[PDB]
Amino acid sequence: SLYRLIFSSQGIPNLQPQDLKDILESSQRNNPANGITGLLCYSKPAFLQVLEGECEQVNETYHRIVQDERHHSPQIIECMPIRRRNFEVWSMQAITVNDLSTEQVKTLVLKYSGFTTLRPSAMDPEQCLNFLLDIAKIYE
């Protein structure tokens, strides 16, 4: 009943600043409640993110996520029953990747991937989550 879901996506080519905080209000009004927790990451245009919570919640959310007019082509990287939550999960939070490339952050991309750019496309699930973890560290 306690799952972890990983997957990445592609943000519609015309997405604006005022759209993402609206993705936030959502994640911060729709998750805490659901014992949905974890971390969402943006690197124009690449998306990554892990979900953790009740299996049925994890799912209730992901499939609700997929129809959003705001991006296309989502790749589940992992969905698996887990032993314990990793993010103490103050919230399903969001980080924009700058890109801004870089100050100690580009490094985190030769490490878990190759080039300086966020291609969740090279990542294996472990290098996938390993990364979502390392970034949050140096950040609150």
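In case it trips you up, residue 1 is the first one in the sequence shown, and so on.
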The stretch carrying the higher mean Cα B factor in the deposited entry, 59 to 67 or 82 to 90, is 82 to 90
For the C-alpha atoms alone, is the average B factor greater in 48 to 56 or in 101 to 109, going by the entry? 101 to 109
Take the CA temperature factors straight from the PDB entry and tell me which of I23, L132, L118, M123 peaks. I23
Check where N34 lands among this chain's C-alpha B-factors and tell me if it's the lowest, middle or highest third. lowest
Within this chain's modelled residues, let me know which third the CA B factor of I12 belongs to: lowest, middle or highest. middle
Per the entry's values, where does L5 land by CA temperature factor relative to the rest of its chain, in the lowest, middle or highest third? lowest
